[PDB]
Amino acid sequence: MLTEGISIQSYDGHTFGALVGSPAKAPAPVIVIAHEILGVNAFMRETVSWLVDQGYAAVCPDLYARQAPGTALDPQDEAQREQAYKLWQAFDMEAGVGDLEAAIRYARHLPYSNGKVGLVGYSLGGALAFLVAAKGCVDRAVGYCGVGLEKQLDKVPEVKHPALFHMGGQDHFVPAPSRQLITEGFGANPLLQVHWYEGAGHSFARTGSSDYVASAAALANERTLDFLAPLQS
């Protein structure tokens, strides 16, 4: 689902839509949400609503619009999961970073913006959140369950603003050697935080997932909210 009429234009003229939630009160910091491999779906609607209830405005851009505009896939359905994996495999990560940078510019100029912008990404978005943190476009960045962080360690010293990452301890995407690489590499820059959630799998914070772990999701989300709170006026 996207908000009718919202159109953000990117570095190369490509345009894309977004689901936008205005804040309960103006002004407010704006959080750009980078979605999972499933597009702007029920979990994104939930996340927008949650952040608005916590005192933010929220913008969730349609990152799959370079491939198929308005992708919104239900993880309960096999056929739609298969569609998600096909889109992810083909996804241009650098163009994704560019689109998020454009969404962040858009967010900063919203009429109720207090001047501060955060980014929260999940799954695909969690990996993009690290790449955007290394670019420096954003005041604070959070990534849940990003894949392939162990291949991006050269970017650790590029991060100049705070970024927080939540990672499952039983995430098959992040086996023990990868966890060790990320822990040691990210540990070198005190602007970064990486928390591991023992006994939690890849999609431990996604309500409805068979991976969901209420206690871990609760602790990760409390940490996210405490980390974003300094952006509030």
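The first residue of the sequence shown is number 1, and the count goes up from there.
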property	result
Between the two ranges 103 to 111 and 131 to 139, the one averaging a larger CA B factor in the entry	131 to 139
Entry-level comparison of average CA B-factors, 70 to 78 and 83 to 91, reporting the higher stretch	70 to 78
Given 171, 46, 62, 36, the residue at which the Cα B factor reaches its maximum	171
Criterion, highest CA B-factor; candidates, 192, 58, 176, 40	176
Assigned third (lowest, middle, highest) for the C-alpha B factor of residue 231	middle
Relative C-alpha B-factor of residue 9, binned into the chain's lowest, middle or highest third	highest
Lowest, middle or highest third - CA B-factor, residue 224	lowest
Chain-relative CA temperature factor third for residue 120	lowest
Entry-reported Cα temperature factor of residue 145, expressed as the chain third it lands in	middle
